[PDB]
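Remarks on the structure that follows.
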Amino acid sequence: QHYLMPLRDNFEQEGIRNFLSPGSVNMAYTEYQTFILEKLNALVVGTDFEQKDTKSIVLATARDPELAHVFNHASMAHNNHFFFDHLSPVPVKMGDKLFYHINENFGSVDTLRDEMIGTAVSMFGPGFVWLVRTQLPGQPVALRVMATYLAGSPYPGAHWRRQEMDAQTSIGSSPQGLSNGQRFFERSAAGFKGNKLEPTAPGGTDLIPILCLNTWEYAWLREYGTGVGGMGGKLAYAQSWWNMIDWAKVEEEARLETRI
Amino acid sequence: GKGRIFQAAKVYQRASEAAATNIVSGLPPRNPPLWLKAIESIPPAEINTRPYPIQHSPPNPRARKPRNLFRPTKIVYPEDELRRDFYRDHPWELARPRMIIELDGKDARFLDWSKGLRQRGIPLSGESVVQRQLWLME
Amino acid sequence: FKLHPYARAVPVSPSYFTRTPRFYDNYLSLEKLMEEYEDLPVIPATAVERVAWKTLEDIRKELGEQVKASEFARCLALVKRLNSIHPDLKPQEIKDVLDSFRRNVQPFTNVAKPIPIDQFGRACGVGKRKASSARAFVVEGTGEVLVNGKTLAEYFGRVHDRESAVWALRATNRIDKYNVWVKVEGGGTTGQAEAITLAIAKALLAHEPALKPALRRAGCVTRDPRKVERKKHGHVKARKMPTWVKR
Amino acid sequence: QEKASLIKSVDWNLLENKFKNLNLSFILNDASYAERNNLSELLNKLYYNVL
Amino acid sequence: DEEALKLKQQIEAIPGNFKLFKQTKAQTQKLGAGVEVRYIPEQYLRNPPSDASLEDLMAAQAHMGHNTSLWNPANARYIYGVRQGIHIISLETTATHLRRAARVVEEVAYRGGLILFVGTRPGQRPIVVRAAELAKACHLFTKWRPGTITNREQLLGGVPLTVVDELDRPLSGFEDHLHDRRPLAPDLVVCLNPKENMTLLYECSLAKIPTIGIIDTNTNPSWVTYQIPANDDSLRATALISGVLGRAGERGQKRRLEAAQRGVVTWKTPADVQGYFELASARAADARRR
RNA sequence: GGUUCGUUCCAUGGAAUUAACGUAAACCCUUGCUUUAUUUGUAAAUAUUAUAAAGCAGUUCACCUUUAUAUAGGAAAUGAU
Ligand SMILES: [K+]
Ligand SMILES: [K+]
Ligand SMILES: [Mg+2]
Ligand SMILES: [Mg+2]
Ligand SMILES: [Mg+2]
Ligand SMILES: [Mg+2]
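See the structure below:
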């Protein structure tokens, strides 16, 4: 069965300094990751996914419509742990290599800050904001910001559930609305018939998530309160998060090829 | 008797006798096979003896000249009657694939049917209802 | 100098009691490499350089064992599998073991010398039959044919033989394009006629090599090897037997 | 091995195949080796010389 | 058409993306949660257990006998009952007999004996080869040639041997012996499917060679010296039994080589080599005077 | 049990592993080609008949079909030769 694993630096015991109280991280990871794994176990208790890993269940249950409920619990457990696994007990100084690509791609580290934080609030819904690394066979490494919805995964092997654009406020009769609507059916029709829209490289090496931001309410509603009056809330939660990012590890997983 | 004479149970007795003395009378015997001392104290087990097999069900008391006394008996549990009742009321429950392949044989260590139908390690199946039923019924 | 007090004979190879010790030792080594380098990527068979692997006979002689065709057929599927590994990622261990399965046999080359054309534009072709041999000198001309100095009609008193002697020119419709000066020897009327057929055909191909597909379907390129069978003792002829008296 | 046949393959070590043009005016005329002019230098490469 | 060029780029990109694919794999593969892996098909070969428990034997399907009609009534002593139309082999009986066979394999290896693991069924080659490797024994995964023991001079005439000391070090000076010597016969035979090769087991009976076998509900238990009542048709039960006996041989070889380092040999020179020493000194004794 | 011109080859057997002879291979004549030699044979000749020493060549390649996936077979004046 799938069991809960400890956190990075005993966050469950002490928690982050000025980002999450030990009681909040307890309700956010222990009392929730355990709840998700209990449901995940019941769904794979007697199937081939019984001994498979979370990410393996994600890629294997991405397109199958009869396993969408299994994808949620598997993808949620993977995304949730991916969030806490990149937090540092003490602020870290951004490396030189990473500090270069961020400025070359987004213009400035402060610009990337507002883009991710701005996307978290602009999304108005529980999800995850990713910092993806895209590198086509001919093009160089390029960093962008991808925002997934409730349990969507950023990996290319699970593009079937790359839930990054709501349909209730993005598909309409307006000029931009019709464009989104066309792309909607173009994906559903292409995916259904098996055709691929964007050619990808083998092994899903195109997109490599490096950083994540969990915007679900169970992670900040208790600590930063609702947010009425401009104090705390989902806004301050995203701001304080930006200070505890493990830029040392973020740069590592990025694997920015040295060319300077 | 088409079968051949297998003396596999007497390899040690036969080999130890052939090694006791030397074929050239008047000389000490040569060294025996290397396996002779290995199984010196591990004799074979008795074979071909027909015992009274385990009686999984009470034998017929009214029988005066019973036959098939040395025949293994059928294993039957109180759940067999229950499984047949459930799966006959829910035939399409057999269409749900079930994995009878064992992982480590330690499934029954985490089964406490006093809680409910959802246990650890096993899926929610017609077997859970039979085990839960048997617990309540006892 | 004295021998060691404790000594016992031990088999060298673990496949001592098997049918073919040397073969299985080499086959199990492949099973170990495949199981170790199975994760490495491969290349589609279309982009795999073709290799001439050894045959079941080359292995029997090399290993001195009576290897089975079925057991070797599956040993050949491994080398083809391991060969499909990417060259750059292929380890040196697999590169060496695979070189021992290559078949470096070269067939003998025997290419015929092309018929030249004399400075005066005449090519000589040679044909043969039962006992005759012909030499035809084909030259650009109007269609005059000579056989041993005599004309085609003064030599062959049978129109069937005349048409067969120059059948190559007739089939290709070039009787009026070349002059032939044949010189035959030995054989008979039909033997010499069919000998000139092959002679002119060869000489004609020296001028227009693109006519061989046509001379094929005309039957002027093939050399007929039929020959009189000798007389055999106990027989009246090559095969005729004397009268056998039962009583 | 005794009852095993032999596959016919060109033996490039045979003196007939190693030199397809047997004229010394071509072999000794700086064909492959650098300045093997002396006919003896050529023969010593082919045969075993006791001297 | 240059359509093949871009395909070449694919063959050229394999070394690149492969290295990148393997790196990213070690990063985000085991993040979500830990998994309790209780069974892996390759576990009986990669890391066989030293001893088999009732749960290991039942999970490996060692208790499933044949149809009740296709039974040798002689081996009704190991049958626990009847269910699903087959005979169920008692799990306690299989465990006891397996621990006993393991002792036999360990002692024969401890006394420097030659063992032979024999599994001829299709999917038994990886199992037998792995077991022989652990025990430093011989393997056989193809059809046994009738007469390889009773007629070993014909079948094993040209197969090379070697003479070794207590530390398995090859000894020099036995060239004349190894050329004029009778081929070797196994000191112990572990057969994983007795029902299919009775020619091998009958030659062991004639040659006075102890044997171990997996006796299924339809197999004759009189063919081997030490029986292991168990299902011989399952590659999962055959791998467990074979792996347990392989650990037994390995554990016996370790003790033999440890005692040798202390100068204690657990065996005596065989009679074959023993006689060579006698006539060898005679040739030295002959030249002693001359 | 298949297969082969063939106890040939493959698979298989609760008994096989091998040896000799025949078989086969090879040899002699014959067929195509390569090199060598040129009189007493060759019209001439920048070498092509003949003469005769050695070497190479086939069921080889292509096509079609193909069992148990082990060993193959067929087509015959209109694939090559
Ligand atoms: K005649
Ligand atoms: K000639
Ligand atoms: Mg069986
Ligand atoms: Mg036979
Ligand atoms: Mg003959
Ligand atoms: Mg003359």
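Protein chains in written order, with the UniProt record's numbering: chain A, 43 to 302; chain B, 2 to 139; chain C, 69 to 315; chain D, 306 to 356; chain E, 107 to 396.
We treat Cβ as the ideally placed atom computed from N, Cα and C, and that holds for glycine.
Cβ-based burial, residue i [other Cβ within 10 Å; buried from 16]
| i | result |
| --- | --- |
| B/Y78 | exposed |
| A/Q210 | exposed |
| A/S130 | buried |
| A/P198 | buried |
| E/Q190 | exposed |
| A/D248 | buried |
| A/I144 | buried |
| D/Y338 | exposed |
| C/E262 | buried |
| C/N94 | buried |
| C/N241 | exposed |
| E/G319 | buried |
| B/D86 | exposed |
| residue 173 of chain B | The shown model of chain B, from 2 to 139, leaves out residue 173 of chain B, and the question about it has no answer. |
| A/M118 | buried |
| B/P34 | buried |
| E/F124 | buried |
| C/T265 | buried |
| A/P251 | buried |
C-alpha distance - residue i paired with residue j, whole-angstrom precision
| i | j | result |
| --- | --- | --- |
| A/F166 | A/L220 | 22 Å |
| B/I40 | B/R72 | 33 Å |
| D/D316 | D/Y353 | 19 Å |
| A/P48 | E/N173 | 51 Å |
| residue 26 of chain A | E/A139 | The shown model of chain A, from 43 to 302, leaves out residue 26 of chain A, and the question about it has no answer. |
| E/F127 | E/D162 | 37 Å |
| A/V151 | A/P133 | 15 Å |
| B/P29 | E/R394 | 25 Å |
| E/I347 | A/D208 | 58 Å |
| B/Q14 | C/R90 | 37 Å |
| A/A290 | E/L113 | 38 Å |
| D/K350 | D/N328 | 17 Å |
| A/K81 | A/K276 | 27 Å |
| E/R205 | E/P228 | 26 Å |
| E/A345 | E/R357 | 18 Å |
| C/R298 | C/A199 | 14 Å |
| E/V371 | C/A77 | 15 Å |
| A/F125 | E/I233 | 45 Å |
| A/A231 | A/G180 | 28 Å |
Close Cβ partners of residue i (< 6 Å) along its chain, the five nearest in sequence each way excluded
| i | result |
| --- | --- |
| E/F280 | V269 |
| C/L157 | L108 |
Where residue i falls: helix, strand or coil (DSSP)
| i | result |
| --- | --- |
| C/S83 | coil |
| A/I159 | helix |
| C/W312 | coil |
| C/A202 | strand |
| C/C288 | coil |
| A/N60 | coil |
| B/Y13 | helix |
| C/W121 | strand |
| A/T72 | helix |
Sequence-distant residues of its chain with Cβ nearer than 7 Å to residue i (five each side left out)
| i | result |
| --- | --- |
| E/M304 | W329 |
| D/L320 | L351 |
| E/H203 | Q333, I334, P335 |
| E/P154 | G349, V350, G352, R353 |
Mind listing which residues of the segment 246-257 of chain E have their C-beta closer than 7 Å to chain C's C-betas, in chain order? Hits within the stretch, in order: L246, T248, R251, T254.
The segment 83-96 of chain C: positions lying closer than 7 Å to chain D by Cβ: Using a CB distance below 7 Å, no part of the segment 83-96 of chain C faces chain D.
Name, going along the chain, the residues of the segment 103-130 of chain C whose beta-carbon falls closer than 7 Å to a beta-carbon of chain E. Per Cβ criterion, the list reads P109, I111, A115.
Taking any Cβ of chain E, which residues in the segment 85-111 of chain B have a Cβ under 8 Å from it, in chain order? Taken in chain order, the members of the segment 85-111 of chain B whose beta-carbon sits within less than 8 Å of a beta-carbon on chain E are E103, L104, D105, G106, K107.
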